[PDB]
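Residue numbers begin at 1 in each chain, while the letters A, B, ... track the order of the sequences.
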Amino acid sequence: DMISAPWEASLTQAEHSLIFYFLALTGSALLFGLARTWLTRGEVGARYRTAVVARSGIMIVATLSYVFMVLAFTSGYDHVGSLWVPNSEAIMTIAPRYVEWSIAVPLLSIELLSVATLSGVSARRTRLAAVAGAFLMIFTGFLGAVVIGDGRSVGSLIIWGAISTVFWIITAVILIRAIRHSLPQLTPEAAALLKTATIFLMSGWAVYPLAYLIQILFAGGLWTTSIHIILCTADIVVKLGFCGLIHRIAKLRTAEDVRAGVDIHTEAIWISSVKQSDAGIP
Amino acid sequence: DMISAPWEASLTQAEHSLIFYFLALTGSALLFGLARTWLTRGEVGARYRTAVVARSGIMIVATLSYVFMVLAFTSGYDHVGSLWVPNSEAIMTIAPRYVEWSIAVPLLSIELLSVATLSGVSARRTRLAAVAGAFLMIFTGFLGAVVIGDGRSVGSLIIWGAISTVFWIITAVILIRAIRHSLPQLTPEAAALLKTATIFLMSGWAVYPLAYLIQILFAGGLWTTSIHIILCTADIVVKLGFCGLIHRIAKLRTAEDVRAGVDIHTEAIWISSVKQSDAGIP
Amino acid sequence: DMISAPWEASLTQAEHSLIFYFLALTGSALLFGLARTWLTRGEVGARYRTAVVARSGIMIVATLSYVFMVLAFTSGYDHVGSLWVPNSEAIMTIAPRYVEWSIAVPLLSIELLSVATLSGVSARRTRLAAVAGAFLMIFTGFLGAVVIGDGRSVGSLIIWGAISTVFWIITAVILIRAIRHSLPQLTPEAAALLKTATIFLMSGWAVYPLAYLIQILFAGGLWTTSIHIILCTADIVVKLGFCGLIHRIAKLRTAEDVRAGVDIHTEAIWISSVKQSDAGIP
Amino acid sequence: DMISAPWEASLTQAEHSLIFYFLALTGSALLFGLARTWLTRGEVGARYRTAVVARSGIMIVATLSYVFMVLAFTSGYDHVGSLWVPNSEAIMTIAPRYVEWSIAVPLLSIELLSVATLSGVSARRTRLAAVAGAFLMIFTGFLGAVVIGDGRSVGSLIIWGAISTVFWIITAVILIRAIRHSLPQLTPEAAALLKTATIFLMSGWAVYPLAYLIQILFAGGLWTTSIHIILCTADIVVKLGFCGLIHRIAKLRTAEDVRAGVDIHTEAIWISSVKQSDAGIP
Amino acid sequence: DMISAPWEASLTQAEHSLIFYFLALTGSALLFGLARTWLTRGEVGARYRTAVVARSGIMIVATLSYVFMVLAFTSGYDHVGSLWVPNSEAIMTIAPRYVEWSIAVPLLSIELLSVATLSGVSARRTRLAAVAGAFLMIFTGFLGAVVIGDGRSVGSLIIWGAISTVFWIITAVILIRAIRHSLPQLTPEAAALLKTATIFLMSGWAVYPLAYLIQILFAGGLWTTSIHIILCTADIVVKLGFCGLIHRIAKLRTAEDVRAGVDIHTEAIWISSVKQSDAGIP
Ligand SMILES: *C/C=C(C)/C=C/C=C(C)/C=C/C1=C(C)CCCC1(C)C
Ligand SMILES: *C/C=C(C)/C=C/C=C(C)/C=C/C1=C(C)CCCC1(C)C
Ligand SMILES: *C/C=C(C)/C=C/C=C(C)/C=C/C1=C(C)CCCC1(C)C
Ligand SMILES: *C/C=C(C)/C=C/C=C(C)/C=C/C1=C(C)CCCC1(C)C
Ligand SMILES: *C/C=C(C)/C=C/C=C(C)/C=C/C1=C(C)CCCC1(C)C
Ligand SMILES: CCCCCCCCCCCCCCCCCCCC
Ligand SMILES: CCCCCCCCCCCCCCCCCCCC
Ligand SMILES: CCCCCCCCCCCCCCCCCCCC
Ligand SMILES: CCCCCCCCCCCCCCCCCCCC
Ligand SMILES: CCCCCCCCCCCCCCCCCCCC
């Protein structure tokens, strides 16, 4: 069974217009997200600076991917009638997403565990197992979706989606176990937010496999547009939504540390115009 | 009734020259606005850092859009006589504006509410209703103006302008209610400036729908030029004018907090060579 | 009377080489000027931070314009014999200058008034009158030089130069009145430097109208080269020379404020390896 | 004996896809690595700031090389059937690696010796011998692999690989001697990590010569793909793995200095959510 | 007597490969040098901040020039057989160097005088004479080498080299006199380093005129390659070697000032893992 790849469909001008929009909306939102990360980096204590580093990495790699894609889009389709017709650079409108996810899904795992209560070498061994399962999941997906079969083979897609799903269940179990172990050792206020943030990240991961099933089941400029919109939208919701959630946890944990004397922070911490902690001096 | 889209008009060299000017004037002004935002970010306390983050995002997304547009303009028209003739990349001189507004109008709502006296989860639920109504207004506009009909249909434009207008009235009501609730809980000096800043943002929003009515009613290189100039000018006035207004409120609220002992600020605050507050140490 | 526009002259290879040099020399010098602005931004107190912001804006807009121009130059002329022959993008070697001046001449006015002793219904009202007269002068010049007539009409150039000159006399009067009112309220040392800096900015503004009279009076690759060199040279002298002068005034005014207890500064201020003020703590 | 150069092989679309992936994965990972370096630069004391400077240089030069390569890849192969066929810009997909290594292998030597206990002019003379042996090793490799013979000659490759190997043994001896001399003068905790970091850097250097032996022994799109993947993977593991290891040593040495009174640090140092040292004031 | 210009010669693939390498090696090294400058800018006191500003300017202008050149190189030669054949953009592989030197040689003069013991107006008048003699030397060189005969005339080259040499002797005398006057007023340790740094800068200036004599005396792809390699190598040695030397002097002078109470520095100064001065508070 051969399917057409998502980049092998001619777009109606509406579709072509919608895909440029969402691609550029995403790059823009993630460049705002990068600026926000840099501007708010001093709200978090050095105990939790990994949260900022992961988030910065998520936003830079994603911005780059979406920039490349938007430029690839300009160069990858040619108007030949009422339709936009894909050329050889149209695969570059879809494939960079797997590059972005290959860095970013690992980095999201790291960000979540940044604000969890795992310490030392135990915190560095869960962190490796998660970065491995997460990269493997994306890379086995890229294999089905792009490499083996050319994205045109149903058996490839199903075998490499099924392998990717096993790495998903593994990463997810590793992460959920680590949050379940942390929540008792956190404060009630932090524990509630971390539980929510885990549900949000784990749920957002579900959306992505849906764009893979479309590629398996349906082809057309409709389905190419659907794919782009689903994935753009998910990237925005996850890489802007989840990354404020973890910043608020890191702020709150920093503040709790300031109140306990565990550390000092140079600025007051505000979360929603409520002061959490005062400025102090070394 | 079919209209020609704004990007489907040949430009006289005067028009072509005027459009490059205004497009480049806007990108330049917004890149200055970005530098100003970064340079003055320490004048505001951490309670009000969202104002800076929103403003930074407004300036980065807008600078990008205007850069893309200026380069699209170079590539989207070809001199064939005394006229510049639109090619397939001429829609890229008009469409990126809807991408910019899709981030920026939401971010302006956030910036205004940043310096208002709404706190906690109530401040995070007005903030979502406003970001929703604001994005929806732009996206329903992009649909009429670019996507459905190809920007060539009067019925599309009227239906999607009318939907966009409802989202406008909603966002505006949400925001005005929130400012009306805040002003009593602010100092007389801050309340006066926030009232002014609300009138300025709400009024500047009115200008934009006028460029949509032109596209409905009039076509030619005259009207394409008018559109570009109106929108460029509005972007400059709003994204440079309004964004100094909110920075002055945030400064003044920071200073009032410094005088009340609510927080400390590392530098003195000056507003117009009058000192508002002194430097202090944690 | 029709003249050839400056971008409508074929260049001898010497001229082509000289114009690339000066264009690239200017972009380079202004990128150094931008780095210097950022590196020295903490030498000035927050009372005088507008000086830094204006200067930063002058250097960013100018660097961009000169970059665009240098790339436009590479793509705007084609070697066809011993001569370089202008194409349709050769106007892009001359027109971006009016975009740069449109931001930068307003910003220079702001920078000069930054270190002057005005406030309230002038600090912000003289600043608007000056930004208006300054932008108007450039925009009326762009009209004669580029837009109306295509830069090929003597009557256009003379009418729009004459209008531009009235906006020049107005801006200049506004600025000179404001400096004359300030000098008595400054210290003898600051007053002397501000007088010098006013003479330098006002004098450098004179040079620019000379490139406009050349375009009126003379055409050839000689005169195109003369124009580029005069304007490049003026940009370097004014945007690097004047912008150190205002930084030294802001430093000295900061230091005087530190000695008077009007404010504190975190670092010592040195002007020419002579210490003006010591470091202090909030 | 003539071999085909690695850039002289037509790629199957799978191979073409795999090479874009790994090239873009590497550029992305190194741009994250650059952001991490900048964000964490204040965790290390000024005694050890060379570690940060070297690392920053490693990440910037590498990011540039991989960017250039990814763009060269887009422009250096053309789809002519089921195969991607190399042009004259395909050598630009392989040759920039030798530019990156020419800066980065010297910089890695400097980074390792940054956290070792060599001081003064003895520390500046081992540092030069290492930078020399390291640059020479890459440059003699570039000669065999690219310059002399065109990368198509076995005798060239073997003579210049053999010379490169001698510079490898020399650099390695210099570095290992310097670490062996340092470990007794370090704390047990730092000494253990530096021993590990030396083994990791020295071992990662071994991988690179394997891509050279492939070019000698095997040609095809298989072997071109193998080369890219091996080298991309090694770059990621070494330039992200090793550069966290040296940062942790610098942190720990900074902390030990803080506890001994040798210096003060403005922030607390955390290594794996365990506090090493407290914040202090001059 | 007509010579071929350096950009006229067809390159063998070895030469073409060697020139790309060295051009890219230089851009890379200077971009590392820029990052190092920014990272180490706080090691120097505000009395000596000009050293950092000059150095930053040297690294930015040079990085830009070398980037432009590397891209011009990709576009300025076309493979037509076993040879790479120059087009009209090949002069852009050689001419940007004169732009870089025009900023950078003036800036090097400023950097050397930054750490010398000249103060006030006397320091500002030697600084102008040096910036003039230095710019004039490069500009008179660009005239012989590029502009007057197209770089194809021996009489031009000899007359403009001879003029350039007089500006060299003048600048050098000005600078050496100023160092000779400073050394008695410096500490023995600083005086020794400044003497060395003067010899290093003055000696590195000698190398550059050798690439000019080659252009006069010899033409071929051999001699074009020689030119590029000599100049790249000199740029690396001078703009990375000399710029660490002046930073070490500025550090040491800062430290001496800290020990004398002349100023305070927020961080300890280390030079080669030996502490020069402690951190202090305003
Ligand atoms: C910000 C980016 C995120 C969180 C992307 C996540 C992507 C996934 C969780 C993808 C999962 C996949 C499967 C488990 C099925 C096969 C294909 C994949 C790679 C889309
Ligand atoms: C800085 C950008 C701003 C504030 C842009 C604002 C744009 C609008 C308020 C647009 C409104 C529209 C309507 C209500 C009618 C339909 C078309 C729109 C999208 C232009
Ligand atoms: C850094 C840029 C500067 C200070 C440029 C200044 C430009 C002017 C003062 C131009 C003046 C003009 C006239 C008064 C005559 C008509 C033409 C103009 C625009 C060149
Ligand atoms: C981050 C980059 C690294 C550490 C690259 C290292 C590269 C080498 C150690 C290469 C060694 C080579 C030989 C000794 C054999 C000849 C060819 C070389 C240059 C690949
Ligand atoms: C970092 C760049 C440096 C220090 C370049 C220096 C260049 C010179 C000292 C060039 C001198 C020349 C002469 C005196 C002879 C004529 C040609 C020149 C411009 C190469
Ligand atoms: C801190 C973590 C940041 C994200 C790192 C992402 C992981 C990168 C992994 C590199 C590649 C792994 C090796 C894959 C080799 C595949 C060979 C078979 C291809 C058919
Ligand atoms: C801090 C808040 C930042 C706000 C950024 C601006 C808003 C982000 C863009 C939201 C994207 C939503 C996408 C909706 C999908 C619609 C699909 C319809 C298909 C016809
Ligand atoms: C403090 C910030 C200073 C920024 C300086 C730049 C100001 C730009 C002002 C733009 C105003 C545009 C006016 C539009 C008029 C359109 C008329 C067209 C007639 C053909
Ligand atoms: C601070 C560490 C910097 C690391 C990068 C080191 C770069 C050194 C470059 C030196 C270049 C030497 C070239 C000599 C001439 C080569 C002759 C080639 C003949 C075929
Ligand atoms: C702080 C120093 C930075 C470097 C200064 C570089 C710029 C120096 C001035 C450039 C302009 C000189 C004017 C020369 C005009 C020549 C006209 C005749 C051409 C044939």
Side-chain angles (χ1 to χ4, degrees), chain A residues 41-42 44-50 52-53 119-120 124 257 262-266 281-282, chain D residues 36-56 58 110-120 123 127 179 182-183 185-188 190-198 242-282, chain E residues 36 39-43 251 255 265-281:
Chain A
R41 74 191 193 285
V44 171
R47 187 176 177 171
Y48 306 107
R49 183 176 281 124
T50 294
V52 179
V53 166
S119 75
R124 280 196 311 259
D257 285 338
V262 167
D263 208 350
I264 66 102
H265 201 247
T266 35
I281 30 168
Chain D
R36 180 204 196 187
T37 301
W38 221 272
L39 289 179
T40 63
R41 73 191 194 286
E43 312 195 319
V44 170
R47 186 176 177 171
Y48 307 106
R49 183 174 283 123
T50 294
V52 179
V53 166
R55 187 176 320 111
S56 306
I58 298 157
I110 281 156
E111 203 187 349
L112 186 71
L113 286 178
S114 203
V115 288
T117 67
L118 264 65
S119 173
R127 205 217 296 188
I179 303 305
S182 296
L183 291 180
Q185 316 173 5
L186 285 167
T187 69
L193 274 181
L194 184 67
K195 176 172 183 163
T196 306
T198 306
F242 174 79
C243 280
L245 252 169
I246 295 289
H247 182 82
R248 186 175 164 202
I249 298 168
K251 285 176 65 165
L252 185 64
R253 290 254 277 156
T254 304
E256 287 165 349
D257 285 338
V258 161
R259 294 189 313 254
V262 168
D263 209 350
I264 65 103
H265 200 247
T266 35
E267 210 171 34
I269 286 136
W270 298 79
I271 292 154
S272 264
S273 265
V274 184
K275 208 201 219 204
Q276 305 301 322
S277 75
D278 306 16
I281 27 173
Chain E
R36 184 223 239 182
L39 289 179
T40 63
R41 74 192 194 284
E43 312 195 319
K251 285 176 65 166
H265 200 247
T266 35
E267 209 171 36
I269 286 136
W270 298 79
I271 292 155
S272 264
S273 265
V274 185
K275 207 201 218 203
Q276 305 301 321
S277 75
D278 306 16
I281 26 173

Trainee: Any idea which heavy atoms bring D:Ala268 and A:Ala46 closest together, and the distance?
Mentor: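 In this case the closest contact between D:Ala268 and A:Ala46 is O-CB, 3.9 Å.
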Trainee: Only one of D:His247, D:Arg248, D:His265 forms a side-chain hydrogen bond (donor to acceptor under 3.5 Å, both in side chains) with D:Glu43, so which one is it?
Mentor: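 Answer to the side-chain hydrogen bond (donor to acceptor under 3.5 Å, both in side chains) test with D:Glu43 among D:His247, D:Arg248, D:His265: D:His247.
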Trainee: If every non-hydrogen atom of D:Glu111 is compared with every non-hydrogen atom of D:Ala51, which pair is closest and at what distance?
Mentor: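 Heavy-atom minimum between the residues: CG-O, 3.6 Å.
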Trainee: If you compare all heavy atoms of D:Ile264 against all heavy atoms of E:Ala279, which two are closest, and at what distance to 0.1 Å?
Mentor: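 Smallest heavy-atom distance, with atoms named: CG1-CB, 4.1 Å.
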Trainee: With rounding to the nearest 0.5 angstrom, report the OG1 to CG distance, D:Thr187 to D:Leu252.
Mentor: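 Rounded to the nearest 0.5 Å, the OG1-CG separation comes to 5.5 Å.
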Trainee: Quick one: list whatever passes side-chain hydrogen bond (donor to acceptor under 3.5 Å, both in side chains) with A:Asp263, sequence neighbours left out.
Mentor: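 A:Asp263 satisfies side-chain hydrogen bond (donor to acceptor under 3.5 Å, both in side chains) with D:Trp270 once adjacent residues are dropped.
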Trainee: Check the surroundings of atom NZ in D:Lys195: do more than 12 heavy atoms from other residues, nucleotides or ligands lie under 6.0 Å from it?
Mentor: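 Not more than 12 within 6.0 Å, no.
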Trainee: Could you tell me which residues satisfy side chain to side chain contact (heavy atoms under 4.5 Å, CB included) with D:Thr37, sequence neighbours excluded, listed by chain and number?
Mentor: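 For D:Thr37 the side chain to side chain contact (heavy atoms under 4.5 Å, CB included) partners, ignoring immediate neighbours, are D:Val52, D:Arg55, D:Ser56, D:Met59.
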Trainee: Mind checking what makes side-chain hydrogen bond (donor to acceptor under 3.5 Å, both in side chains) contact with E:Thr266, not counting sequence neighbours?
Mentor: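 Listed in chain order: nothing, the list is empty.
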Trainee: Nearest 0.5 angstrom please: D:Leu183 CG to D:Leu194 CG, how far?
Mentor: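 Spacing of CG (D:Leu183) from CG (D:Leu194) equals 5.5 Å.
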Trainee: Give, for atom CD1 of D:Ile271 and atom CD1 of D:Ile249, the distance between the pair rounded to the nearest 0.5 Å.
Mentor: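 Going from CD1 on D:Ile271 over to CD1 on D:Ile249, the span is 10.0 Å.
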Trainee: Quick one: pull up OG1 in D:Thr196 and CG in D:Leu193 and give me the separation to the nearest 0.5 Å.
Mentor: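 With rounding to 0.5 Å, OG1 (D:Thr196) is 6.0 Å from CG (D:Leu193).
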Trainee: As an exercise, state the distance from CG of D:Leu118 to CD1 of D:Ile179, rounded to the nearest 0.5 Å.
Mentor: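 With rounding to 0.5 Å, CG (D:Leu118) is 8.0 Å from CD1 (D:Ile179).
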Trainee: What distance separates D:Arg127 CZ from D:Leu113 CG, expressed to the nearest 0.5 Å?
Mentor: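 Here the rounded value is 8.5 Å.
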Trainee: For D:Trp38, give me all partners under side-chain hydrogen bond (donor to acceptor under 3.5 Å, both in side chains), at least two apart in sequence or on another chain.
Mentor: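 Residues passing side-chain hydrogen bond (donor to acceptor under 3.5 Å, both in side chains) with D:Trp38: none at all.
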Trainee: Under the rule for side chain to side chain contact (heavy atoms under 4.5 Å, CB included), what residues qualify as partners of D:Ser272, not counting sequence neighbours?
Mentor: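 Only A:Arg124 meet the side chain to side chain contact (heavy atoms under 4.5 Å, CB included) criterion with D:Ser272.
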Trainee: Side-chain contact, heavy-atom cut-off 4.5 Å: D:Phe242 with D:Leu112?
Mentor: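 Sidechains of D:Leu112 and D:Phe242: in contact.
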Trainee: Which atom names give the shortest non-hydrogen contact between E:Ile281 and D:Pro282, and what distance separates them?
Mentor: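 Distance-wise, the nearest heavy atoms are CD1-O, 3.5 Å.
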Trainee: Nearest heavy-atom pair of D:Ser277 and D:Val258: which atoms, and what distance?
Mentor: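 So the two residues come closest at CB-CG1, 3.7 Å.
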Trainee: Checking D:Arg253 side chain against D:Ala116 main chain: does a donor-acceptor pair fall under 3.5 Å?
Mentor: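 It does hold such a pair.
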Trainee: Looking at every non-hydrogen atom in both residues, tell me the closest pair between D:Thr254 and D:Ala250 and how far apart they are.
Mentor: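 Result for this residue pair: OG1-O, 2.6 Å.
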Trainee: Check side-chain hydrogen bond (donor to acceptor under 3.5 Å, both in side chains) between E:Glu267 and all other residues, then give those that pass, not counting sequence neighbours.
Mentor: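 In terms of side-chain hydrogen bond (donor to acceptor under 3.5 Å, both in side chains), with neighbours along the sequence ignored, E:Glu267 is linked to D:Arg49.
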